[PDB]
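Enquirer: Contents of upload_8.csv (CSV, C-alpha atoms and all ligand atoms) are below:
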```csv
chain,number,residue,atom,x,y,z
A,1,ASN,CA,170.2,276.4,66.5
A,2,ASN,CA,168.0,279.4,65.9
A,3,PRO,CA,164.6,278.5,67.5
A,4,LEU,CA,162.8,280.8,65.1
A,5,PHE,CA,163.5,278.1,62.5
A,6,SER,CA,162.2,275.2,64.6
A,7,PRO,CA,159.1,273.8,62.8
A,8,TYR,CA,155.7,274.3,64.5
A,9,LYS,CA,152.3,272.6,64.1
A,10,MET,CA,149.7,275.4,64.2
A,11,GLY,CA,146.9,272.8,64.4
A,12,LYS,CA,146.2,271.6,60.9
A,13,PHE,CA,149.0,273.8,59.5
A,14,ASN,CA,152.6,272.7,59.4
A,15,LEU,CA,154.9,275.7,59.7
A,16,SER,CA,158.6,275.6,58.8
A,17,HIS,CA,159.5,278.6,60.9
A,18,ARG,CA,158.0,281.0,63.5
A,19,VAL,CA,158.4,284.4,61.7
A,20,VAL,CA,154.9,285.7,61.0
A,21,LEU,CA,153.8,288.6,58.9
A,22,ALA,CA,151.7,290.8,61.2
A,23,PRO,CA,148.5,292.3,59.8
A,24,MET,CA,149.1,295.8,58.4
A,25,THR,CA,146.8,298.2,56.8
A,26,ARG,CA,148.6,299.8,53.8
A,27,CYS,CA,145.7,301.4,51.9
A,28,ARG,CA,146.5,300.2,48.4
A,29,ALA,CA,143.2,298.3,47.9
A,30,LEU,CA,141.6,301.1,45.9
A,31,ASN,CA,137.8,301.4,46.3
A,32,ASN,CA,138.0,298.5,48.9
A,33,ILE,CA,138.8,296.0,46.1
A,34,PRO,CA,142.1,294.0,46.4
A,35,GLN,CA,144.4,295.0,43.7
A,36,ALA,CA,147.3,293.3,41.8
A,37,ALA,CA,149.7,295.3,43.9
A,38,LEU,CA,148.6,293.4,47.0
A,39,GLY,CA,149.4,290.2,45.2
A,40,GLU,CA,152.9,291.3,44.5
A,41,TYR,CA,153.3,292.6,48.1
A,42,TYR,CA,152.2,289.4,49.8
A,43,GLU,CA,154.0,287.2,47.2
A,44,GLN,CA,157.3,289.0,48.0
A,45,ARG,CA,156.9,288.2,51.7
A,46,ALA,CA,155.6,284.6,51.4
A,47,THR,CA,157.9,281.8,52.2
A,48,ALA,CA,157.5,278.0,52.1
A,49,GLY,CA,156.0,277.0,55.4
A,50,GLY,CA,155.6,280.6,56.5
A,51,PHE,CA,152.5,282.2,58.0
A,52,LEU,CA,151.1,285.5,56.7
A,53,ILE,CA,148.2,287.6,58.1
A,54,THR,CA,146.6,290.1,55.8
A,55,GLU,CA,145.9,293.8,56.5
A,56,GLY,CA,142.6,294.3,58.3
A,57,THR,CA,139.7,293.6,55.9
A,58,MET,CA,136.2,295.0,56.0
A,59,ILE,CA,133.3,292.7,57.0
A,60,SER,CA,130.5,295.1,55.9
A,61,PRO,CA,130.0,298.5,54.3
A,62,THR,CA,130.1,300.3,57.7
A,63,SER,CA,133.3,298.6,58.9
A,64,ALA,CA,136.0,301.0,57.5
A,65,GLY,CA,137.8,303.9,59.0
A,66,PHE,CA,140.8,304.1,56.7
A,67,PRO,CA,141.0,304.8,52.9
A,68,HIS,CA,141.3,302.0,50.3
A,69,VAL,CA,141.3,299.1,52.7
A,70,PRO,CA,140.1,295.8,51.2
A,71,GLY,CA,136.7,294.2,52.0
A,72,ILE,CA,135.7,290.6,51.8
A,73,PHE,CA,131.9,291.1,51.9
A,74,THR,CA,131.2,291.3,48.1
A,75,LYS,CA,131.6,288.6,45.5
A,76,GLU,CA,133.9,291.0,43.5
A,77,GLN,CA,136.2,291.3,46.5
A,78,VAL,CA,136.2,287.5,46.9
A,79,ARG,CA,137.2,287.0,43.3
A,80,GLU,CA,140.1,289.4,43.5
A,81,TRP,CA,141.3,288.0,46.8
A,82,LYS,CA,141.6,284.5,45.3
A,83,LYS,CA,144.1,285.7,42.9
A,84,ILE,CA,146.2,286.9,45.8
A,85,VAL,CA,145.7,283.8,47.9
A,86,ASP,CA,146.7,281.8,44.8
A,87,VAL,CA,150.2,283.4,44.4
A,88,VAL,CA,150.8,283.1,48.1
A,89,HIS,CA,149.9,279.4,48.1
A,90,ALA,CA,152.1,278.9,45.0
A,91,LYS,CA,155.1,279.7,47.4
A,92,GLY,CA,153.9,277.2,50.0
A,93,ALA,CA,152.8,279.8,52.5
A,94,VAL,CA,149.8,279.8,54.9
A,95,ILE,CA,147.6,282.9,54.9
A,96,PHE,CA,144.8,284.1,57.1
A,97,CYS,CA,142.5,287.1,56.4
A,98,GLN,CA,142.2,289.6,59.3
A,99,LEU,CA,138.5,290.6,59.7
A,100,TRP,CA,138.2,294.2,60.9
A,101,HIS,CA,135.4,296.4,62.0
A,102,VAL,CA,136.5,299.9,63.3
A,103,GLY,CA,133.3,300.8,65.2
A,104,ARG,CA,133.5,304.4,66.3
A,105,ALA,CA,137.0,304.9,64.8
A,106,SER,CA,135.5,306.2,61.5
A,107,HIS,CA,134.1,309.3,59.8
A,108,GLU,CA,131.2,310.3,57.6
A,109,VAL,CA,133.5,310.2,54.6
A,110,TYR,CA,134.0,306.4,55.2
A,111,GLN,CA,130.3,305.6,55.9
A,112,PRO,CA,127.5,304.8,53.5
A,113,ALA,CA,125.2,307.9,53.1
A,114,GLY,CA,127.5,309.7,55.5
A,115,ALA,CA,125.8,307.9,58.5
A,116,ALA,CA,127.3,307.9,62.0
A,117,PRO,CA,129.8,305.1,62.8
A,118,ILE,CA,128.5,302.4,65.1
A,119,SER,CA,129.8,301.5,68.6
A,120,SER,CA,129.1,300.1,72.0
A,121,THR,CA,128.8,303.7,73.2
A,122,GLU,CA,127.4,307.1,71.9
A,123,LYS,CA,130.6,308.9,73.0
A,124,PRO,CA,133.2,310.0,70.4
A,125,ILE,CA,136.9,309.3,70.5
A,126,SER,CA,138.4,312.4,72.1
A,127,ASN,CA,140.3,314.9,70.0
A,128,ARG,CA,143.5,313.6,71.5
A,129,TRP,CA,143.2,311.4,68.4
A,130,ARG,CA,142.7,312.2,64.7
A,131,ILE,CA,141.5,310.1,61.8
A,132,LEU,CA,143.5,309.8,58.5
A,133,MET,CA,141.2,311.2,55.8
A,134,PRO,CA,141.3,310.1,52.1
A,135,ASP,CA,143.2,313.3,51.1
A,136,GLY,CA,146.0,312.7,53.7
A,137,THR,CA,144.8,315.3,56.2
A,138,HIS,CA,143.7,314.4,59.7
A,139,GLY,CA,140.1,314.8,60.7
A,140,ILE,CA,137.9,314.7,63.8
A,141,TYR,CA,136.3,311.5,65.0
A,142,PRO,CA,132.5,312.0,65.1
A,143,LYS,CA,129.9,310.9,67.6
A,144,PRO,CA,129.0,307.3,67.0
A,145,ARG,CA,125.6,305.6,67.4
A,146,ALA,CA,125.3,303.0,70.2
A,147,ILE,CA,123.8,299.9,68.8
A,148,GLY,CA,121.1,297.7,70.3
A,149,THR,CA,121.5,294.0,70.8
A,150,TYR,CA,119.7,293.0,67.6
A,151,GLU,CA,122.2,295.1,65.7
A,152,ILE,CA,125.1,293.5,67.7
A,153,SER,CA,123.8,290.1,66.5
A,154,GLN,CA,123.8,291.3,62.9
A,155,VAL,CA,127.4,292.5,63.2
A,156,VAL,CA,128.2,289.0,64.4
A,157,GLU,CA,126.5,287.7,61.3
A,158,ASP,CA,128.7,290.0,59.2
A,159,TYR,CA,131.8,288.4,60.8
A,160,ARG,CA,130.3,284.9,60.1
A,161,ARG,CA,129.6,285.7,56.4
A,162,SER,CA,133.0,287.3,55.9
A,163,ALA,CA,134.7,284.2,57.4
A,164,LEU,CA,132.8,282.0,54.9
A,165,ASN,CA,133.8,284.4,52.1
A,166,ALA,CA,137.4,284.2,53.2
A,167,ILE,CA,137.3,280.4,52.9
A,168,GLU,CA,135.7,280.7,49.5
A,169,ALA,CA,138.6,282.9,48.3
A,170,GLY,CA,140.9,280.1,49.5
A,171,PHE,CA,142.3,281.6,52.7
A,172,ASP,CA,143.5,279.1,55.2
A,173,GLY,CA,141.7,280.9,58.0
A,174,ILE,CA,140.8,284.2,59.5
A,175,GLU,CA,141.9,286.4,62.4
A,176,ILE,CA,139.4,288.3,64.5
A,177,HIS,CA,140.7,291.9,65.0
A,178,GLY,CA,139.7,292.4,68.6
A,179,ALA,CA,142.5,295.0,69.4
A,180,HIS,CA,143.5,298.6,69.2
A,181,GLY,CA,140.3,300.4,70.2
A,182,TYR,CA,138.2,299.2,67.3
A,183,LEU,CA,134.7,297.8,67.5
A,184,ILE,CA,135.3,294.7,69.6
A,185,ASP,CA,137.7,296.6,71.9
A,186,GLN,CA,135.0,299.3,72.3
A,187,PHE,CA,133.0,296.5,74.0
A,188,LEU,CA,135.9,295.0,76.0
A,189,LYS,CA,137.3,298.2,77.5
A,190,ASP,CA,135.7,299.8,80.5
A,191,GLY,CA,137.2,303.1,79.4
A,192,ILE,CA,134.8,303.0,76.4
A,193,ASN,CA,131.9,300.6,77.2
A,194,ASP,CA,129.4,302.6,79.2
A,195,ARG,CA,126.4,300.4,78.4
A,196,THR,CA,123.9,299.5,81.1
A,197,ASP,CA,122.4,296.4,79.3
A,198,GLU,CA,123.8,292.8,79.2
A,199,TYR,CA,126.8,293.9,77.1
A,200,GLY,CA,128.1,296.4,79.6
A,201,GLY,CA,129.3,296.6,83.2
A,202,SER,CA,130.7,293.3,84.4
A,203,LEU,CA,133.7,291.6,82.8
A,204,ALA,CA,131.4,288.8,81.7
A,205,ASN,CA,129.1,291.3,80.0
A,206,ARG,CA,132.0,293.2,78.3
A,207,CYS,CA,133.4,289.9,77.0
A,208,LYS,CA,130.0,288.8,75.5
A,209,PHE,CA,130.6,290.5,72.1
A,210,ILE,CA,134.0,288.9,71.4
A,211,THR,CA,132.8,285.6,72.6
A,212,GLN,CA,129.8,285.7,70.3
A,213,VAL,CA,132.0,286.8,67.3
A,214,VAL,CA,134.5,284.0,67.9
A,215,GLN,CA,131.8,281.4,68.5
A,216,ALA,CA,130.0,282.3,65.2
A,217,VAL,CA,133.2,282.1,63.1
A,218,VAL,CA,134.2,278.8,64.8
A,219,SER,CA,130.8,277.3,64.0
A,220,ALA,CA,131.1,278.5,60.4
A,221,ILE,CA,134.6,277.5,59.4
A,222,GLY,CA,136.0,275.4,62.3
A,223,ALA,CA,138.1,276.5,65.3
A,224,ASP,CA,141.4,275.4,63.8
A,225,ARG,CA,140.9,278.1,61.1
A,226,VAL,CA,140.3,280.9,63.5
A,227,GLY,CA,142.8,283.2,65.3
A,228,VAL,CA,142.0,286.0,67.7
A,229,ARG,CA,144.0,289.2,68.3
A,230,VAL,CA,143.6,291.4,71.3
A,231,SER,CA,145.5,294.2,73.0
A,232,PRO,CA,144.5,294.6,76.7
A,233,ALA,CA,147.0,297.2,77.7
A,234,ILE,CA,146.8,300.3,75.5
A,235,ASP,CA,145.5,303.9,75.3
A,236,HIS,CA,144.9,303.9,71.5
A,237,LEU,CA,141.7,305.7,70.6
A,238,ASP,CA,141.0,306.0,74.3
A,239,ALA,CA,140.8,302.2,74.8
A,240,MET,CA,142.0,302.1,78.4
A,241,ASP,CA,140.8,299.5,80.9
A,242,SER,CA,141.0,299.9,84.6
A,243,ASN,CA,142.5,296.4,85.0
A,244,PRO,CA,144.1,295.3,81.8
A,245,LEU,CA,145.5,292.0,83.1
A,246,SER,CA,142.1,290.9,84.5
A,247,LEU,CA,140.4,291.9,81.2
A,248,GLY,CA,143.0,289.8,79.2
A,249,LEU,CA,142.6,286.8,81.5
A,250,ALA,CA,138.8,287.1,81.2
A,251,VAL,CA,139.1,287.0,77.4
A,252,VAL,CA,141.5,284.0,77.6
A,253,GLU,CA,139.0,282.1,79.8
A,254,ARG,CA,136.3,282.7,77.2
A,255,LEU,CA,138.5,281.3,74.5
A,256,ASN,CA,139.5,278.3,76.5
A,257,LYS,CA,135.8,277.6,77.1
A,258,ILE,CA,134.9,278.0,73.4
A,259,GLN,CA,137.6,275.4,72.6
A,260,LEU,CA,136.3,273.0,75.3
A,261,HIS,CA,132.7,273.4,74.0
A,262,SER,CA,133.7,273.0,70.4
A,263,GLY,CA,136.1,270.0,70.9
A,264,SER,CA,138.9,271.8,69.1
A,265,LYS,CA,141.6,274.4,69.6
A,266,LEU,CA,141.6,277.8,67.8
A,267,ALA,CA,144.5,278.4,65.4
A,268,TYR,CA,146.0,280.8,67.9
A,269,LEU,CA,145.8,283.8,70.3
A,270,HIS,CA,147.7,286.9,69.1
A,271,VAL,CA,148.5,289.6,71.6
A,272,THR,CA,150.3,292.9,71.0
A,273,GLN,CA,152.7,294.3,73.7
A,274,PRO,CA,151.4,297.0,75.9
A,275,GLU,CA,151.6,300.4,74.2
A,276,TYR,CA,150.8,303.9,75.6
A,277,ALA,CA,156.5,291.9,79.8
A,278,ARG,CA,154.8,290.1,82.6
A,279,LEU,CA,151.3,290.7,81.2
A,280,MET,CA,152.3,288.9,77.9
A,281,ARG,CA,153.7,285.8,79.7
A,282,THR,CA,150.6,285.7,82.0
A,283,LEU,CA,148.1,285.6,79.1
A,284,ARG,CA,150.3,283.0,77.3
A,285,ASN,CA,150.4,280.8,80.4
A,286,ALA,CA,146.6,281.2,80.8
A,287,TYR,CA,145.7,280.2,77.2
A,288,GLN,CA,145.3,276.6,76.2
A,289,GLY,CA,146.9,276.8,72.8
A,290,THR,CA,149.3,278.6,70.4
A,291,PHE,CA,150.4,282.1,71.3
A,292,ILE,CA,151.7,284.7,68.8
A,293,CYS,CA,153.4,287.8,70.3
A,294,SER,CA,153.8,291.1,68.6
A,295,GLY,CA,154.9,294.7,69.1
A,296,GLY,CA,158.5,295.9,68.9
A,297,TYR,CA,160.1,292.6,68.1
A,298,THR,CA,163.6,292.3,66.5
A,299,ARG,CA,165.6,289.3,65.5
A,300,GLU,CA,167.1,289.0,69.0
A,301,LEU,CA,163.8,289.7,70.9
A,302,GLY,CA,162.0,287.1,68.8
A,303,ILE,CA,164.7,284.5,69.3
A,304,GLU,CA,164.5,285.1,73.1
A,305,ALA,CA,160.7,285.0,73.1
A,306,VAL,CA,160.6,281.5,71.5
A,307,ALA,CA,163.6,280.2,73.4
A,308,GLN,CA,162.2,281.3,76.8
A,309,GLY,CA,158.7,279.9,76.0
A,310,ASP,CA,157.1,283.3,76.0
A,311,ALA,CA,155.5,282.6,72.6
A,312,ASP,CA,155.2,280.0,69.9
A,313,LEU,CA,155.2,282.4,67.0
A,314,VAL,CA,156.5,286.0,66.6
A,315,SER,CA,154.8,288.4,64.3
A,316,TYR,CA,156.7,291.4,62.7
A,317,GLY,CA,155.0,294.4,61.2
A,318,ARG,CA,157.2,297.4,60.3
A,319,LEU,CA,160.3,295.3,59.6
A,320,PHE,CA,158.3,293.2,57.1
A,321,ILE,CA,157.3,296.5,55.4
A,322,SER,CA,160.9,297.3,54.4
A,323,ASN,CA,162.4,293.7,54.3
A,324,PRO,CA,160.3,291.6,51.9
A,325,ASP,CA,162.8,288.7,52.7
A,326,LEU,CA,162.7,289.3,56.4
A,327,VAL,CA,162.6,285.6,57.0
A,328,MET,CA,165.8,285.0,55.0
A,329,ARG,CA,167.5,288.0,56.7
A,330,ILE,CA,166.6,286.7,60.2
A,331,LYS,CA,167.9,283.2,59.2
A,332,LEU,CA,171.2,284.6,57.9
A,333,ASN,CA,171.5,287.4,60.5
A,334,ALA,CA,171.8,289.8,57.6
A,335,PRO,CA,171.3,293.6,58.2
A,336,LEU,CA,167.7,294.8,58.1
A,337,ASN,CA,166.7,297.8,56.0
A,338,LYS,CA,164.8,300.8,57.4
A,339,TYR,CA,161.1,301.5,56.7
A,340,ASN,CA,159.7,304.9,55.5
A,341,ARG,CA,156.7,305.8,57.7
A,342,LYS,CA,155.5,308.4,55.0
A,343,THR,CA,154.5,305.7,52.7
A,344,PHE,CA,152.8,303.3,55.1
A,345,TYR,CA,149.3,304.5,54.1
A,346,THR,CA,149.7,306.1,50.7
A,347,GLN,CA,148.0,304.7,47.5
A,348,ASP,CA,150.9,304.1,45.2
A,349,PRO,CA,151.0,300.5,44.0
A,350,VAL,CA,154.8,300.4,44.0
A,351,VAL,CA,156.5,303.3,45.9
A,352,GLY,CA,157.0,302.3,49.6
A,353,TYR,CA,155.0,299.1,49.0
A,354,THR,CA,156.7,296.7,46.6
A,355,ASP,CA,160.0,298.5,45.8
A,356,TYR,CA,161.9,297.7,49.0
A,357,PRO,CA,164.7,295.5,47.6
A,358,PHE,CA,165.6,291.9,48.5
A,359,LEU,CA,169.1,291.1,49.7
A,360,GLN,CA,171.6,291.3,46.9
B,1,LIG,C1,151.3,300.6,59.0
B,1,LIG,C2,150.7,299.7,60.0
B,1,LIG,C3,149.5,299.1,59.7
B,1,LIG,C4,148.9,298.3,60.7
B,1,LIG,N1,147.7,297.7,60.4
B,1,LIG,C5,147.2,296.8,61.3
B,1,LIG,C6,145.9,296.2,61.0
B,1,LIG,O1,145.3,296.4,60.0
B,1,LIG,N2,145.5,295.3,62.0
B,1,LIG,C7,146.2,295.0,63.2
B,1,LIG,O2,145.7,294.2,64.0
B,1,LIG,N3,147.3,295.6,63.4
B,1,LIG,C8,147.8,296.5,62.5
B,1,LIG,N4,149.1,297.1,62.7
B,1,LIG,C9,149.8,296.7,64.0
B,1,LIG,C10,150.8,295.6,63.6
B,1,LIG,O3,150.0,294.4,63.2
B,1,LIG,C11,151.8,295.1,64.6
B,1,LIG,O4,151.1,294.7,65.8
B,1,LIG,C12,152.9,296.1,64.8
B,1,LIG,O5,153.3,296.7,63.7
B,1,LIG,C13,153.9,295.1,65.5
B,1,LIG,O6,155.0,295.9,65.9
B,1,LIG,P1,156.3,296.0,64.9
B,1,LIG,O7,155.9,296.9,63.8
B,1,LIG,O8,157.3,296.7,65.8
B,1,LIG,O9,156.7,294.7,64.5
B,1,LIG,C14,149.6,297.9,61.8
B,1,LIG,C15,150.9,298.5,62.1
B,1,LIG,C16,151.4,299.4,61.1
B,1,LIG,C17,152.8,300.0,61.4
```
For this file, write the structure as structure tokens.
Ligand SMILES: Cc1cc2nc3c(=O)[nH]c(=O)nc-3n(C[C@H](O)[C@H](O)[C@H](O)COP(=O)(O)O)c2cc1C

Expert:
Amino acid sequence: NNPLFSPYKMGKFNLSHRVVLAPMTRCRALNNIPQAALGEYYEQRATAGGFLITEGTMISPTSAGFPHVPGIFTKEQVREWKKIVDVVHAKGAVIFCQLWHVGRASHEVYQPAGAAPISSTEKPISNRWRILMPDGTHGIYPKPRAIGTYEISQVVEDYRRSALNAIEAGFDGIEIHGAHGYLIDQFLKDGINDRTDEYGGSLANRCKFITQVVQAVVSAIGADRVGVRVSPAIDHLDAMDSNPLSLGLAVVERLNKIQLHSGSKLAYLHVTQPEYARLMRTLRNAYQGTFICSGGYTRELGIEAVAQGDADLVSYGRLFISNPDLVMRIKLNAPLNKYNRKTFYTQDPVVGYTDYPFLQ
């Protein structure tokens, strides 16, 4: 009947349905340590056979540009994440940790010793955009420091080590955040990447960083535990490309080759809808594997996406904020409850986080 409740084999993982929790930063992980509130939040949304992706999670002390986002680069963070993974696995769900480096989308207040954020480029995000500060005001993005290739290789090692830490905490896998104008996208997009070395210029060079990140995590934990998220067609944080479809296809070609070289498929490719329908289907058709679509989906649009072959899985963000039982509501076609944008990024462990009710 409802194709969202057709089972799906996501490689090693047997899913009972196709409704996915999209990664969402919520800023409840005080001092970058996962908290009991995150356990309650993910437990509420977990279902038997359902797939969850965490909020973006720091891979290193320089990787953050939001307040109170979790990390997975210290043993303390690993120990606390395990408690969260455990309550999600108790409900029979599958959960991946999203690994997130913001690059130049940061601020002195978020950096050790107030050092400059790192990027592909020395140019700041323009003041068309503002950063959320810890006090809830909006600040100015600073000038970043363009990193050399040794430092690039050390960032890759931060992804690799974080992927191993995620597996130690019990996560089923990880997702590489290569979207939305953050560090990887600062190398992908020719509206940002002004390098004249082997990581800039040509499509091949701009794709080197994501390829190396993905290959490192695949070697460390196995391709079937790795997902990759990208967003070729956007303007967020000035992340425009002159040819988004060609950039997306170049990325897809690199993922297909990583799979051929490794003898195994990635867990999935995850693409968010252009934000400033053909592009989505074109990347899906080009990719040898599982495709998760995201961005503006509703019950009806997700049913259509799976029914028409546009995606294998559909991820939902904002509707999962305010509907902890979103999966059940979609199954029953029960009315969905609104979300309160004001409390997307506040620190309260309950209000606007775990106090959205279930169906009566
Ligand atoms: C509050 C909030 C936080 C988000 N944080 C992340 C994040 O940490 N990583 C990421 O890749 N996307 C993040 N997103 C984007 C969502 O994963 C998702 O693509 C978007 O919400 C999908 O559209 P929808 O809300 O209409 O379902 C966030 C979105 C929202 C609204």

Enquirer: Give me the residues near segment 124-128 of chain A as a ChimeraX atom specification, where near means some atom within 9 Å (using all atoms listed in the file) and where sequence neighbours in that chain fewer than 6 positions away do not count.

Expert: /A:104-105,140-144,192,237-238

Enquirer: Would you name the residues within 6 Å of ligand LIG 1 (chain B), counting all atoms listed in the file, and put them as a PyMOL selection string?

Expert: chain A and resi 22-26+55-56+177+272+294-297+316-318+344

Enquirer: Hey, which bits of segment 95-133 of chain A sit within 8 Å of segment 181-186 of chain A, and for each residue what's the closest pair of atoms and how far apart in Å (one decimal), counting only C-alpha atoms, rows by chain and increasing number, as CSV?

Expert:
```
residue,atom,partner,partner_atom,distance
A:101,CA,A:183,CA,5.7
A:102,CA,A:182,CA,4.4
A:103,CA,A:183,CA,4.0
A:104,CA,A:183,CA,6.8
A:105,CA,A:182,CA,6.3
A:119,CA,A:183,CA,6.2
A:120,CA,A:186,CA,6.0
A:121,CA,A:186,CA,7.7
```

Enquirer: From the set A:28, A:293, A:195, A:283, which residue has the shortest atom-to-atom contact distance to residue 40 of chain A, counting only C-alpha atoms?

Expert: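 Looking only at the distances to residue 40 of chain A, the closest residue turns out to be A:28.
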
Enquirer: For residue 203 of chain A, which residue out of A:169, A:233, A:279, A:251 is the nearest one, using only C-alpha atoms?

Expert: A:251

Enquirer: Using all atoms listed in the file, find all polymer residues with an atom at most 6 Å away from the point (138.1, 284.1, 60.2); report them as an MDAnalysis selection string.

Expert: chainID A and resid 163 173:175 226

Enquirer: When distances are computed from only C-alpha atoms, which of A:106, A:98, A:259, A:340 shows the smallest separation from residue 288 of chain A?

Expert: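 Nearest to residue 288 of chain A: A:259.
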
Enquirer: What is the atom CA of residue 244 of chain A to atom CA of residue 130 of chain A distance in Å?

Expert: 24.1 Å

Enquirer: Fewer than 6 positions away in the same chain doesn't count, so skip those; otherwise give me all residues within 8 Å of residue 15 of chain A, counting only C-alpha atoms, as a list in words.

Expert: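 Neighbouring residues, sequence-local ones excluded: residues 7, 8, 9, 49, 50 and 51 of chain A.
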
Enquirer: For segment 105-140 of chain A against segment 65-78 of chain A, with a cut-off of 9 Å and counting all atoms listed in the file, what is the closest atom pair and its distance in Å to one decimal for every residue that makes the cut, ordered by chain and number, as a Markdown table?

Expert:
```
| residue | atom | partner | partner_atom | distance |
| --- | --- | --- | --- | --- |
| A:105 | CA | A:65 | CA | 5.9 |
| A:106 | CA | A:65 | CA | 4.1 |
| A:107 | CA | A:65 | CA | 6.6 |
| A:109 | CA | A:65 | CA | 8.8 |
| A:110 | CA | A:65 | CA | 5.9 |
| A:111 | CA | A:65 | CA | 8.3 |
| A:117 | CA | A:65 | CA | 8.9 |
| A:131 | CA | A:65 | CA | 7.7 |
| A:132 | CA | A:66 | CA | 6.6 |
| A:133 | CA | A:67 | CA | 7.0 |
| A:134 | CA | A:67 | CA | 5.4 |
| A:135 | CA | A:67 | CA | 9.0 |
```

Enquirer: One decimal, in Å: what's the spacing between atom CA of residue 196 of chain A and atom CA of residue 150 of chain A?

Expert: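 Computing the Euclidean distance for atom CA of residue 196 of chain A and atom CA of residue 150 of chain A yields 15.6 Å.
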
Enquirer: Between atom CA of residue 202 of chain A and atom CA of residue 247 of chain A, what is the spacing in Å?

Expert: 10.3 Å

Enquirer: Mind checking which residues fall within 12 Å of residue 263 of chain A, counting all atoms listed in the file, ignoring those fewer than 5 positions away in the same chain, and posting them as a ChimeraX atom specification?

Expert: /A:218-219,222-224,256-258

Enquirer: Is it possible to get the residues within 8 Å of (134.0, 300.4, 83.6) (coordinates as in the file, counting only C-alpha atoms) written as a list in words?

Expert: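 Taken together, the residues in range are residues 189, 190, 191, 192, 193, 194, 201, 202, 241 and 242 of chain A.
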
Enquirer: With a cut-off of 9 Å, could you pull out the residues of segment 68-185 of chain A touching segment 209-214 of chain A and give me the nearest pair of atoms for each, distance in Å to one decimal, using only C-alpha atoms, ordered by chain and ascending number, as CSV?

Expert:
```
residue,atom,partner,partner_atom,distance
A:152,CA,A:209,CA,7.7
A:153,CA,A:212,CA,8.4
A:155,CA,A:213,CA,8.4
A:156,CA,A:213,CA,5.3
A:157,CA,A:213,CA,8.2
A:159,CA,A:213,CA,6.7
A:160,CA,A:213,CA,7.6
A:176,CA,A:214,CA,7.4
A:178,CA,A:210,CA,7.3
A:184,CA,A:210,CA,6.2
A:185,CA,A:210,CA,8.6
```

Enquirer: Could you give me, as number ranges by chain, the residues within 12 Å of residue 38 of chain A, counting all atoms listed in the file and dropping anything in the same chain fewer than 4 positions from it?

Expert: A: 24-30, 32-34, 42-45, 54-55, 68-70, 80-88, 347-350, 353-354

Enquirer: Have a look at A:355, A:168, A:158, A:253 and name the one nearest to residue 204 of chain A; count all atoms listed in the file.

Expert: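 Counting all atoms listed in the file, the residue closest to residue 204 of chain A is A:253.
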
Enquirer: Here is a test: counting only C-alpha atoms, which residue of A:2, A:298, A:60, A:231 is nearest to residue 270 of chain A?

Expert: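 When distances to residue 270 of chain A are compared using only C-alpha atoms, the smallest one comes from A:231.
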